Amino acid sequence: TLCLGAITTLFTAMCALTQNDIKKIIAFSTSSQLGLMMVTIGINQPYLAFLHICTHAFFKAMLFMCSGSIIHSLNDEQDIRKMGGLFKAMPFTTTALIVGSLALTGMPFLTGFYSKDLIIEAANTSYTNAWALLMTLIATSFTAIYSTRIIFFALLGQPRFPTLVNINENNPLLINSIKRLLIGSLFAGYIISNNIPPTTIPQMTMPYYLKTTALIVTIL
Amino acid sequence: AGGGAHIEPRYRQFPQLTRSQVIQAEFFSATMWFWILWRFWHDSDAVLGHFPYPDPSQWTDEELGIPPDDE
Amino acid sequence: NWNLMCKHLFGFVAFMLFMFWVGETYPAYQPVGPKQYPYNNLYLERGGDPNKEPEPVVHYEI
Amino acid sequence: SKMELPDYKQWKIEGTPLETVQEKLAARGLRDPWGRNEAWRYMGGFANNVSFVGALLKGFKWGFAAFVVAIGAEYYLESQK
Amino acid sequence: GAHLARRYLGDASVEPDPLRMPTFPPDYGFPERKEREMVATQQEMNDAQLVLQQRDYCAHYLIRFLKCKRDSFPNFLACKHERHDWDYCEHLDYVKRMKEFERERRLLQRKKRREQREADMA
Amino acid sequence: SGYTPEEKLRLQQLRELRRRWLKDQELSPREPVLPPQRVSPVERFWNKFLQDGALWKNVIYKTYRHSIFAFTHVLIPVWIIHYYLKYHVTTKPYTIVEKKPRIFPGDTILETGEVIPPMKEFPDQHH
Amino acid sequence: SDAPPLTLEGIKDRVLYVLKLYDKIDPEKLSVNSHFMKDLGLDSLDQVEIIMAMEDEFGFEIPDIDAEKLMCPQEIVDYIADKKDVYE
Amino acid sequence: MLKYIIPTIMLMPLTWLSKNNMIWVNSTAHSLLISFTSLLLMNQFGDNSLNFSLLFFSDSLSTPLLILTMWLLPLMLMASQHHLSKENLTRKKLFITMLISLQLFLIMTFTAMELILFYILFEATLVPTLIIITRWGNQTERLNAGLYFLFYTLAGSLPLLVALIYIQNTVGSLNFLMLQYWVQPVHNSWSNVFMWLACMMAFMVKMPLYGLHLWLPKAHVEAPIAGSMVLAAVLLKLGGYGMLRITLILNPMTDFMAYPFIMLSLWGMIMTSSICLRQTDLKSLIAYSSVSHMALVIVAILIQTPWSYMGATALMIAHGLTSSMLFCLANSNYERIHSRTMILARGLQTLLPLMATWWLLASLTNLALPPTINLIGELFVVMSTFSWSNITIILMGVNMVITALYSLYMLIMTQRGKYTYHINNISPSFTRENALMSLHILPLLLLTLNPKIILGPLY
Amino acid sequence: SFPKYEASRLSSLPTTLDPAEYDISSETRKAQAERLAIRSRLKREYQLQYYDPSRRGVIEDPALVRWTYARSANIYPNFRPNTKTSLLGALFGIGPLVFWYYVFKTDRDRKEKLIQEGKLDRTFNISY
Amino acid sequence: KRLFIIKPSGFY
Amino acid sequence: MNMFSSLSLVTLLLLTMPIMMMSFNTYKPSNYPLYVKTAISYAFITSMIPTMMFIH
Amino acid sequence: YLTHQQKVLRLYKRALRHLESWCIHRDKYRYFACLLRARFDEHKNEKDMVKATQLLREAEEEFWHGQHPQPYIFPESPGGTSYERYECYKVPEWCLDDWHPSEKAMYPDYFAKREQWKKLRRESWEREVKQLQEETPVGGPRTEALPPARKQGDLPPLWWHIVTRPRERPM
């Protein structure tokens, strides 16, 4: 189980680094996250794998809705190569998209931090396959690449979408639906983390270079 | 698709925006950064270190039950 | 070219399989001893026959 | 309806990245006729879009400005006990 | 860690084997040692229904933390001190398991050190 | 590299026909000719009541519809499930099993009033 | 899908609006029937870019079997109105 | 069993003495009452069967088959009303008589207590079945299909006749109850190896066993809808029901004689399941599907464990309703385009919104979607074959994947995509057709709530 | 410089990289025009029935019928029992049967052997 | 603009 | 316990109500999407009560 | 087939479309696109067809070496994400003839006007058949093109299906 997940969390993360279709980038992001969940089961941390399911539900769903909001605005155009300049045009989807990406990569104290970082901590300080351990850390680097790929190719730069486009996102159904998950993708992990009953012996002592592997890995 | 406010499309121009749309988005961004900065201030050892990690070398040979070589 | 795809695909797969075996025989871990548990290494808690008195195991403080 | 298209004479490649492209092509003996067709992407509200480093910092001023105020109350309240 | 380099790149006899430790007798040093204290009894840990991996020598601290967390409900932010007491007691335990590892590290260096002189000289 | 003189002719004849077909797809104001419907009395009191978008009126309707739902979808079923559970399900052996509640030192047993001895004295931690 | 429906005038105005931004045609003489080749002296290699500037405007591909056949900005308007189901 | 035999016979005077324009109404209405009364057969006990008299008896194995048998005749009258509309009145009544006669022989086959009485009635179903195929088929190949159908069955049935008479001479009785207490072990010798084969070969041709199945793709494909339904629903279950009864007196020789046949069936699943992937004919895809579902029943019967017997009984009932339902669905398309090609008519979901729902339900039941009684019957067989040999899970699992393909492939090819431009006679679904499908699926899905009534005598 | 493309049964040769495309002679020119004649002739027969306002039914297609007939009905009469067919029929029809026989029989022989010895674990096995 | 939707007969 | 059990199963039953009410058409169409949303909304809050009982 | 004049233009279009995918940014696309036009202009009026053919053949092999493995495709074109999405709502017109009389009563104006079209097709069919019989070669049609309407009042042969085709967005 440790090895099966490790190859997937890296191979699928590798495939996303070059995908153009916006949904497929998130689709491969899902596969990499799923692989990381199996690695956690492989390293005998069943509850942390579950804790990643709960947290992953919030922000991963949001990215699809944010992406779907972009797609409808540009008239069913799903290619990031034909988007851009939407940072100012769609502020609400922009803020939601940004918040989700930071949750995915593991920005501290968001929903994704309380589960993904505990997973990386448990991998390094364990009797684990060396190669499988390396793939998890490399894959974490690729998490911050395709995430930036969506942000850079969908929000910044200059517009590439057609001349006549109705970029509208003011429908109350859209805002309220996302605005509920945006709250979740911030304090979902914080609340669940401090409430679930303890079921293990968390490994809270280790070398500094291991305790901050994800941060350096992600920031790099 | 249906319902809410109505925005007339524009041609080769920055799309027309509302006031509520920009206020809400800006507020949530502020909440994200307040949460991080607030949590970081009260919670720093969760991202830096909970307890010191001992350096094995500096441990003396007496405390570890390591007797002399000759005996 | 169809032939090229087979080489890279199989090349990638075989290379990954080889390394997992390499990493399997040379695992990484932490410089720690066994985790020590209370009396009799939890003989009764984890399904031990009460009649069969276990071999005493005692963990001493450092 | 009868949407009103904007004036077609306001699209000039002057002072936009299309201008720099043309200068490079001029030295090579070439020209870029479609410069004005692509011009509108560099004029109006599409001018000087934020950089990635800026985007991640969206909401930092109010987030930090609210943070300093929030902590100020904490210490002032904590002074009471 | 570095030790993996030493155990995989270098000698093996002067590197602890995790699947085999401990090797030397517990009393090689420490002319007299104290058996680890266990505050929580069998009945306490069974009634509280701790997971078998939580029933280590820190169970008594954990038992107290569970009791305070339930009472503080719905104030899930309380019982902070009990958690720190439990976590700290585990840091101390992890220190011992590190020193236990080192005791095997230095003792191994002794055999390689006192067996060359017993070999070269005669 | 262009339409032949006869090619454009067919296209123009076909094209003009196409628009008339599309034009004919329009619906007249009368259509659809809905038949009679036996309308409920309750909606009448709401269609007339909701003729104007009065803000205060909307709340009453909002609370009215929610209350109806909370009764016919939450209150009635829980009566059925509780009745089903209490007098047909829980009456059978080993049908509903509850994990025995955790007991900690010092607790008071409600059933029998027993008092659990507290833990042995902790020498000292300070830190 | 919430978009504004196209119009025959809208198609014509936008089609000419693209041509007005091309440096190889004089806006003064540019009429709906100004044949791209004979009446404007534009080589076929230019006509290809002309069409490519349209399908990037309406955002829908035009097959090569038919695109080369369009040699009049009225034909483009007729072609799009026929392929987008516009009648008034 | 006269409370069901005499009413069935009275359906013959009823059809002939009815008005000219009410032959369908009376037969359809009165044959549903006979079906309704069949529920009194459920008076089973935990230790003993229903022994009515010296001839007829009923147990938990025959009861579900009888109820399925008497339930289809109403459905076979509904299906036939279309293609028999322009037909002579007298011929339209002989056709109904053949269906009534066929049911008459079936309700006595599953209840016959004496094996020779079972053989005659089991063998008498050939005549009415053969007549239906040849006289009222729509193709030139119906004549050749009746010859293959007739001589495949007789070529295996006639040796069975010699075996049963031999058993009676050396035992004294063929009454099934007697054989339960006078059965003696079958020693391993060349004489018995040709008595085991003689007894089993007759039924394995009718299951059919892989290799001996060449008649089935001819008979089912060429017969009318009424013939196809009974041929696939109830006639195949004569073979399985025969083996479940004849195996009583073939121990302990059945333990090693089953190897050539289990291997044929286990591998034949993949062979016949795979054939369905490349079938041009829609009705032939369903026919080959039947062979793959009956392959499991052969395997279950030959390993002889209670789970296999409980599962085997459920597959026979579950496949009976599913296979018949598919034939009606496939036939409904035929009655419009008048062609059996699968690719000829496509995108029918956009034209027949409701008829495309039955295809979804028929397919989902065919591929054994839980908790339908196809999955329950198919699961118990897999569970019992695993205990027989763990390696079988590979073949059972492989066949499951292919089954999920030729079922949803059939659904996608005909019910999804662009409709054929040149086909414009796709009239809406008649109320007759929709009710005909509802009468298949609804009984099939209701049995999930009370499955114990189809789990055989080993329940 | 530009490595040659290498086609496969699962990857046809791109039309643009096909040398025969450029080598156009008189016969090639006529052939394509001659093919278009047949291609155009059939279109006329189809459209005079497709567009008929008095038609309601299926336009029978001999091409489709010939395809189904060749796949099922015409197979056997053109089969000859030779080495090519006979060898294939043996290792595809009997091959898998004998292989699986010596897999299942061996598995059960070993299993039955242990059960008699009593060293096959069947502690909690009462369903079979 | 309230065009007519061509759909199959749903009455039956 | 009687409350833990009843509120746990009502969560599952609630979600099935829109399916049952769409079998006999005992509702008004063109509000079905909003009908389903409300059932999910109410299903959520009910599931919290057992969850809090577990947390507590 | 295609004439060598056509084959060059098609290759020119594909080179730009794949170039756009590689360049992404419009300013960069406008740069390399201009360079490409130069490469196609320096041989605009080559004389020898054999050398002209060798230029096309060599141009193709360069495109295949650099083509984008995932070229941009418009949403509704073959290979696009939205391709054939709405085919399930494109019901044919003849399906209206099966509507129950009650259903047709709900749109009396539409069906009454639909009847005018049906008679228009029915009456003009017999003429359209002759119009093609006379104008076709003796052996049979040699190409797929249809003649237009010559005599005033006659509709083009084979018009009903291409005129009443389902709308691209029926629903």
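A, B, C, D, E, F, G, H, I, J, K and L are the chain letters, set down in written order, and residue numbers restart from 1 in every chain.
We take it that a residue touches a chain if its C-beta (ideal position, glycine included) is under 8 Å from a C-beta of that chain, and two chains touch if they have at least 3 such contacts.
Contact tally for E-K versus G-L: the pair with more C-beta pairs in contact is G-L. The chain with its Cα centroid farthest from the Cα centroid of chain G is E. Chain F and chain K have Cα centroids lying 8 Å from one another. Centroid to centroid, with C-alpha atoms defining each point, chain F and chain J lie 29 Å apart. Rounded to a whole number, the gap between the C-alpha centres of chain I and chain L is 33 angstrom. Taking the mean of the C-alpha atoms as each chain's centre, chain D and chain L sit 40 Å apart. Contact of a single residue of chain K with at least two other chains is seen at positions 55. Within chain C, residues 26, 28-31, 62 each touch two or more of the remaining chains. Counting partner chains per residue, chain J has residues 1, 3-4, 8-12 touching two or more of them. For chain I in complex with chain C, the touching residues are 3, 5-8, 10-11. Taken together, the chain E residues at the contact with chain K in this complex read 70, 73-74, 76. By the touch rule above, chain G contacts chain D in their complex via residues 4, 7, 9-10, 13-14, 17-18, 20-24, 27, 49, 53. Listed in rising order, the residues of chain C touching chain E in the complex are 26, 28-39, 42, 44-46, 58-62.
Within the complex formed with chain L, the residues of chain H that make contact are 347, 349-351, 417-419, 421, 424, 426-428.
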